[PDB]
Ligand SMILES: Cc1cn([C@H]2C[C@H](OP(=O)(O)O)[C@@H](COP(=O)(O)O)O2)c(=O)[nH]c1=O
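Here you get one chain, nothing else, as structure tokens; it is the form solved without the named molecule.
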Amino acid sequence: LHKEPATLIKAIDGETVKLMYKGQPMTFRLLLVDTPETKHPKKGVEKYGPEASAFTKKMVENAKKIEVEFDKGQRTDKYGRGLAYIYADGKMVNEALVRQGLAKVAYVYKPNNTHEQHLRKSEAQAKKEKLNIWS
């Protein structure tokens, strides 16, 4: 893989953060995780979505270094969003959200799945801990 510098522009929600990467503002999708929603037109807000976006916000905002890392497969999805693992001070947000019961592992697509068993290891710990979506 290769980690890269990127600069925070805007945390949209749990799974989506806007970042200046290569000098271009880009929408980035947190690879492998699915967070609850704040806005879904046919839904309203979903349980733990407010605090899933809160979490990521705090995490990318108080960071001194944000780094993105692309996986070994296509790097942009269909809606043109970067496909990546985001590190706030070297800690993987994508992992942090699952360790805290605020994200389930999901849409795991070969070959963009290098870190599938690390996160699938962490969801298991949070489930075993009765935490938040697993409560």
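All residue numbers are counted from 1 along the displayed sequence. By rigid core we mean the largest C-alpha set that fits within 1.5 Å across both forms. Only residues modelled in both forms are compared.
Below, we turn to the form deposited with the named molecule bound, even though it does not appear here.
None of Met26, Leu83, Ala96, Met59 but one reaches within 4.5 angstroms of the named molecule in the deposited bound form through a heavy atom, and that residue is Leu83. With a 4.5 Å cutoff on heavy atoms, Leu30 counts as touching the named molecule in the deposited bound form. The named molecule in the deposited bound form comes within 4.5 Å of a heavy atom belonging to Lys78. Although the partner is absent here, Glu37 sits close enough that one of its heavy atoms falls within 4.5 Å of the named molecule in the deposited bound form.
With a 4.5 Å cutoff on heavy atoms, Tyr109 counts as touching the named molecule in the deposited bound form.
After superposition on the rigid core, residues whose Cα atoms move by 2 Å or more in a run of at least three fall only at 42-44 between the shown form and the other one.
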